[PDB]
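Data block below; observations after.
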There are 2 protein chains.
Amino acid sequence: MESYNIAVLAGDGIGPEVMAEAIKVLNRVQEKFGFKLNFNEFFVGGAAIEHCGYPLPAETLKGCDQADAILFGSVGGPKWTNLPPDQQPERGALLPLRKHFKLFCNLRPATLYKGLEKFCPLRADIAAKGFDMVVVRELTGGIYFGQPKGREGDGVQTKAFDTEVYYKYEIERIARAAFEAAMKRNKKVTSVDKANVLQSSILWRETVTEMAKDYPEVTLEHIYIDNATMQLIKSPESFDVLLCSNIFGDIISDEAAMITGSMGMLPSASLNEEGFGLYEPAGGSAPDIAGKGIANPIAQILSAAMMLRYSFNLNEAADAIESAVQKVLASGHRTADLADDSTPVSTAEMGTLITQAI
Amino acid sequence: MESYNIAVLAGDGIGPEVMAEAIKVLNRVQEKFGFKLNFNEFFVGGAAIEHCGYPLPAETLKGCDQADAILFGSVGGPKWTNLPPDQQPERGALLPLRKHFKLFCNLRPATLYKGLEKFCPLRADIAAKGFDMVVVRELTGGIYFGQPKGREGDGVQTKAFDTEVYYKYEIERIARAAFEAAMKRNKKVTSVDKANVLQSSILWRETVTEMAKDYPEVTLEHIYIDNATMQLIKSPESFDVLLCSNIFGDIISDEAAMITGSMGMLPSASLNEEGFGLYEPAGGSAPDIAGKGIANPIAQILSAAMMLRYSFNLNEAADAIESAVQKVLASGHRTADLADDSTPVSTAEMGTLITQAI
Ligand SMILES: NC(=O)c1ccc[n+]([C@@H]2O[C@H](COP(=O)([O-])OP(=O)(O)OC[C@H]3O[C@@H](n4cnc5c(N)ncnc54)[C@H](O)[C@@H]3O)[C@@H](O)[C@H]2O)c1
Ligand SMILES: NC(=O)c1ccc[n+]([C@@H]2O[C@H](COP(=O)([O-])OP(=O)(O)OC[C@H]3O[C@@H](n4cnc5c(N)ncnc54)[C@H](O)[C@@H]3O)[C@@H](O)[C@H]2O)c1
Ligand SMILES: C=C(C)CONC(=O)C(=O)O
Ligand SMILES: C=C(C)CONC(=O)C(=O)O
Ligand SMILES: [Mg+2]
């Protein structure tokens, strides 16, 4: 009789669309295995800018505080380009959210599904080898949050700046999260930095290496961010855990999403040291397809399939949604973003096919 | 006939190996096209460390000060991991060289040669659409040179930091180079930033946008760095000029190199406002293969071609090198990096074959 409380935040763009299908798939999971979910929905992002007037209004932050997990869509859109930097949906809501709940550990699992190599935009012989990867991205530190940042001066000497700064304890905790995930997988961690140039990357590399002494079963490799970007295309199969800074993990996880077939595949979990977890798709609000019922809901759906995994240890419920996405796709069903030409289904139609595989 | 004075800084790892082939190609190009190069060789990087105790000896910097152009291989490797940050080949030699000669404009032309699509690691239908773009990368500013940078504190409170800082004049001159490049190509500039988060990217985007008013014949599009990483895989054909910060250009250009088939294919030019140039492969010293005579010399050879073109306007000589490369590849010869189930030619064989095709 487990009754948990989710604070659903849909956001902007394809946010509200794919969020409906995530609920759809859940409700079947609820009455299928035996638990309740009490979905309380709030406004965040540019939506909260004309339904409250502020990207993260007090009410919204309050609902999260009271839930056992936040289900999240995405924010951002061209409508809010021209607000001040601090008051847009990205700096105004999402980055604050992450910092407020100290959600330092970002998990983005990217895998090529059995027999789905058609989706993969790589060459057939590369895609054949398949791949199964988890990006462990430091989420609350680094250049996205560092101080100082701002703009000063005038004219051609106007100067703008951001600070890629890390404190050792921030590196230690995300590194631990990486080695623990590796222990539960294939015992390989690839740490990605630019330690031949950046001072912060030198500290990253040294701390990760120190941390490795508490995990002698894990193989630790170090690679530079520019090389990482080739290796993902050339040998995606050689990766297990990808340990990354905030900005490098941002970059690398989209590349990984693409090689699995689309941005619409990659789910994500953002967890703090307590296990409290926000669950959003890795990608953004996709303005160019927002409002049209064409948008892969898999990433949003599988997110909740991670929420019941990590926030609530309900493995059978999570293994359900996951093998239900595998079966719909195994049957040749589909949204437009994925390769192969055959009448795509809408977001709704993908939501249903999957809710049915439940 | 007066010679041009070429400082040859082959460096570490595969550097000496591929530089030897560039010199062999250049000697034949000199005969066939009537011009004279005076090669003066200098130690740099790890090799200079082993000879002098210094990664950038005063003798080497003198040599470059006295040269008409610099032909550079690559620096760095495992032998030097444990040196103090400022003695290492990369911070101690390459970055200072770029900074000393004010080589703000980095040009990396990535092209998939018509007929070599089996080399491209993208899916065959994607690779069929073609790929021909040039990264225009700001090379002397941004996080790789910003201050403050360093490390402070101790224990878990140790912090390390680097500053991504741009002045408007730095963005203006690199933006201008990208729009001029676009004017000679297909009149599209795609500018890469992270303007939804970074103050420095906001200034980047604003300044590029304002520079575009000077180029009504050119399309300007703005894309986020994480998304750019996907678009290169999904739609390589859509790119013409890719305008990037120092670190973002560093990152994306390795991905561009890989989709042309190998890091070993991508040459580069680094130019200051007076047109003085340093020419080097875009990639590193390849320590995993260094000394085995298997590295692809094409990047170094095409770097020498850019030298002739950009430093000396010997355009016919540079065209011949490019065509000789394409003919050898069309004839089925390939080094081990170029995907094929044939016996690969060595580094020195590839150089000889290119030389004979001049
Ligand atoms: N998590 C977030 O809230 C977050 C993260 C990234 C970007 N954004 C915001 O999103 C907006 C657009 O940014 P972007 O275009 O660089 O990133 P994006 O991820 O939104 O889109 C990149 C490309 O992938 C496609 N795509 C993304 N999700 C898809 C899905 N579910 N199904 C099918 N296609 C999908 C888009 O159509 C687009 O072509 C911006 O305002 C940005 O600030 C928000
Ligand atoms: N301009 C420079 O001097 C420069 C630039 C980048 C890296 N580096 C240094 O190079 C060293 C290696 O760095 P890395 O491994 O990240 O980058 P890398 O570019 O040297 O190698 C990346 C991968 O590409 C392969 N590769 C590169 N050039 C090749 C060629 N000519 N033919 C066949 N394969 C090739 C390598 O074998 C490796 O597997 C490091 O010390 C790094 O600091 C130097
Ligand atoms: C929404 C932002 C603050 C930009 O951050 N971007 C990501 O997390 C991503 O692109 O995955
Ligand atoms: C050797 C360095 C100073 C690191 O720089 N790396 C690049 O410039 C690249 O990947 O091109
Ligand atoms: Mg690079």
Side-chain angles (χ1 to χ4, degrees), chain A residues 2-27 29-30 35-49 51-52 54-76 89-109 136-140 144-145 177 246 253 266-285 297-314 317-318 321:
Chain A
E2 313 161 69
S3 63
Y4 311 113
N5 212 95
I6 321 309
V8 170
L9 276 66
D12 317 326
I14 59 155
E17 324 191 57
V18 293
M19 193 58 69
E21 322 309 314
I23 320 299
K24 176 201 304 299
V25 188
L26 284 181
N27 283 328
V29 180
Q30 282 200 208
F35 61 92
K36 166 80 167 192
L37 305 175
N38 297 271
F39 297 120
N40 306 78
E41 310 164 25
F42 296 87
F43 288 147
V44 72
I49 294 179
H51 280 137
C52 304
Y54 298 89
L56 192 54
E59 302 74 89
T60 318
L61 190 45
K62 165 269 317 292
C64 285
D65 263 308
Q66 296 152 348
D68 290 346
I70 310 172
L71 188 50
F72 184 97
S74 90
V75 294
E90 296 79 357
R91 307 155 174 108
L94 183 52
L95 282 198
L97 258 172
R98 282 163 187 178
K99 197 73 192 192
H100 176 268
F101 297 88
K102 289 193 185 179
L103 301 174
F104 74 92
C105 167
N106 188 255
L107 300 172
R108 287 166 178 207
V136 185
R137 161 191 182 203
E138 200 295 315
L139 197 70
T140 48
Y144 289 168
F145 293 101
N246 204 336
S253 65
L266 188 51
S268 88
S270 303
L271 320 167
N272 65 15
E273 220 139 330
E274 287 71 79
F276 183 67
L278 188 159
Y279 301 79
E280 55 162 334
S285 71
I298 291 181
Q300 185 64 92
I301 294 176
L302 279 176
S303 289
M306 296 179 67
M307 170 179 66
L308 323 174
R309 270 283 196 84
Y310 292 80
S311 244
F312 307 133
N313 317 324
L314 288 135
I321 310 168

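Naming: A, B, ... by sequence-line order, numbering from 1 per chain. All values below come from the heavy atoms of this structure, side chains included, with hydrogens, waters and symmetry mates left out.
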Out of curiosity, [X] [atom1] to [Y] [atom2], how far, rounded to the nearest 0.5 Å?
| X | Y | atom1 | atom2 | value |
| --- | --- | --- | --- | --- |
| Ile70(A) | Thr60(A) | CD1 | OG1 | 11.0 Å |
| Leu103(A) | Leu271(A) | CG | CG | 7.5 Å |
| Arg98(A) | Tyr144(A) | CZ | OH | 9.5 Å |

In sequence, state the C-alpha distance, the side-chain angles, and the governing distance for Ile321(A) and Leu308(A), and then conclude on side chain to side chain contact (heavy atoms under 4.5 Å, CB included).
CA-CA 10 Å; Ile321(A) 310 168; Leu308(A) 323 174; 4.0 Å; yes
Has [X] got a side-chain atom pairing as donor or acceptor with [Y]'s backbone, closer than 3.5 angstrom?
| X | Y | answer |
| --- | --- | --- |
| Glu138(A) | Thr140(A) | yes |
| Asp12(A) | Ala47(A) | yes |
| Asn272(A) | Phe101(A) | yes |
| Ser268(A) | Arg108(A) | no |
| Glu59(A) | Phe42(A) | no |

Under 4.5 Å between any side-chain heavy atoms of [X] and [Y], yes or no?
| X | Y | value |
| --- | --- | --- |
| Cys64(A) | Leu9(A) | yes |
| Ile14(A) | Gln300(A) | no |
| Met307(A) | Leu26(A) | yes |
| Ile49(A) | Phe43(A) | no |
| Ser270(A) | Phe72(A) | no |
| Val8(A) | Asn40(A) | no |
| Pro109(A) | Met306(A) | yes |

Go through the steps to decide whether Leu302(A) and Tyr279(A) satisfy the test side chain to side chain contact (heavy atoms under 4.5 Å, CB included), and finish with yes or no.
CA-CA 9 Å; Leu302(A) 279 176; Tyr279(A) 301 79; over 6 Å; no
Locate the shortest heavy-atom distance separating [X] from [Y]; write the atom from each residue and the value.
| X | Y | answer |
| --- | --- | --- |
| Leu56(A) | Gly92(A) | CB-O, 3.8 Å |
| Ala318(A) | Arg309(A) | CB-CG, 3.2 Å |
| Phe35(A) | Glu2(A) | CB-O, 3.3 Å |
| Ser311(A) | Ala69(A) | OG-CB, 3.7 Å |
| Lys36(A) | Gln30(A) | CA-NE2, 3.5 Å |
| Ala22(A) | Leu71(A) | CB-CD2, 4.5 Å |

Are there over 12 heavy-atom neighbours, none belonging to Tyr4(A), within less than 6.0 Å of that residue's OH?
yes
Within a reach of under 6.0 Å around NZ of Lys102(A), are more than 12 heavy atoms found that belong to other residues, nucleotides or ligands?
no
